[PDB]
Amino acid sequence: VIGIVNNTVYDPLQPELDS
Amino acid sequence: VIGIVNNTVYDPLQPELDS
Amino acid sequence: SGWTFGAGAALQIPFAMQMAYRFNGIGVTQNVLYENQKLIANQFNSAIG
Ligand SMILES: *[C@@H]1O[C@H](CO)[C@@H](O[C@@H]2O[C@H](CO)[C@@H](O)[C@H](O)[C@H]2NC(C)=O)[C@H](O)[C@H]1NC(C)=O
Ligand SMILES: *[C@@H]1O[C@H](CO)[C@@H](O[C@@H]2O[C@H](CO)[C@@H](O)[C@H](O)[C@H]2NC(C)=O)[C@H](O)[C@H]1NC(C)=O
Ligand SMILES: *[C@@H]1O[C@H](CO)[C@@H](O[C@@H]2O[C@H](CO)[C@@H](O)[C@H](O)[C@H]2NC(C)=O)[C@H](O)[C@H]1NC(C)=O
Ligand SMILES: *[C@@H]1O[C@H](CO)[C@@H](O[C@@H]2O[C@H](CO)[C@@H](O)[C@H](O)[C@H]2NC(C)=O)[C@H](O)[C@H]1NC(C)=O
Ligand SMILES: *[C@@H]1O[C@H](CO)[C@@H](O[C@@H]2O[C@H](CO)[C@@H](O)[C@H](O)[C@H]2NC(C)=O)[C@H](O)[C@H]1NC(C)=O
């Protein structure tokens, strides 16, 4: 992809499945 | 359903929530 | 081939799958057609008759 940007893609499950 | 086929439907959560 | 032959090369597709496409086209989930395949076919046949 031309124009792609570095950023975080949050995940709703990860903090939850830890609990 | 006429034509239905036996196969596996993968689940992304199952291996993860085990961790 | 459904509607594909109008746009380019005709790509074959089973007719019930094409009817499921078209059921999607009007806002009804395709499971409705797959579960009422025989009733729908009979209704179409009687309508043609
Ligand atoms: C969009 O175009 C601009 C130029 O108008 C690009 O900016 C240049 O980027 C190159 C390297 O990518 C630099 O060497 C130039 O000095 C930049 N020009 C200026 C004056 O900023 C920009 O990177 C392009 N971005 C996209 C998304 O295509
Ligand atoms: C996004 O981050 C990656 C690293 O995860 C960058 O890739 C690096 O690019 C720098 C500079 O070109 C190199 O010094 C590193 O060795 C690279 N690392 C890897 C793992 O590829 C990438 O350039 C970043 N992109 C943007 C647009 O910031
Ligand atoms: C599509 O139609 C073909 C027939 O052309 C079906 O193939 C037959 O399947 C039955 C199973 O009851 C066999 O007894 C026949 O011998 C098969 N015919 C041949 C020559 O292969 C096929 O099962 C049908 N599939 C669907 C999705 O309707
Ligand atoms: C899909 O698998 C099921 C089993 O989970 C099959 O149902 C079996 O069918 C065989 C042969 O008709 C019987 O011997 C078994 O007793 C049935 N078991 C159950 C639980 O129903 C089904 O036929 C398979 N379908 C396809 C298309 O392979
Ligand atoms: C939905 O409406 C259709 C009308 O086409 C019903 O189909 C008829 O059902 C009656 C009673 O079983 C039969 O006597 C007719 O011969 C059927 N017509 C056809 C063309 O098959 C269908 O049963 C209704 N289904 C529901 C969910 O009410």
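What counts, and at which threshold
- Residues numbered from 1 in each chain as written, not as in the entry; some residues may be left out.
- Chains lettered and ligands numbered in written order.
- Part of a larger assembly, values for the part shown.
- Heavy atoms only, no water.
- Helix = DSSP H or I, 4+ residues; strand = E, 2+ residues; numbered from the N terminus.
- Buried < 20%, exposed > 50% of the residue type's maximum accessible area, 1.4 Å probe, protein only.
- Areas by Shrake-Rupley, 256 points an atom, 1.4 Å probe, with all protein chains shown as cover.
- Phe/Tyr/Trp six-rings, centres within 6.5 Å; stacked < 30°, edge-to-face > 60°.

Structure determination for this PDB entry was carried out by cryo-EM, with a resolution of 3.20 Å recorded in the header.

Caption draft 1: Summary view of the overall build of chain C. Summing up its helical and strand segments, chain C has four helices and zero strands in all. When the helices and strands of chain C are listed from N to C terminus, the series reads α-α-α-α. If you line up chain C on its principal axes, its C-alpha atoms span 30 × 25 × 15 Å. Across the 49 residues that make up chain C, the buried fraction comes to 12%. Approximately 3,700 Å² of chain C is accessible, and the part contributed by carbon and sulfur atoms is 62%.

Caption draft 2: Broad picture of the packing of aromatic side chains. All names here are of chain C. Scanning the entire structure with this criterion turns up one aromatic pair over all chains. On the basis of an interplanar angle of 50° and a centroid distance of 5.8 Å, the ring pair of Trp3 and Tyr21 is categorised as tilted. Residue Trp3 is found in the segment before helix 1 (4-7), and its partner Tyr21 is found in helix 2 (residues 15-25); the two are separated by 18 residues along the sequence.

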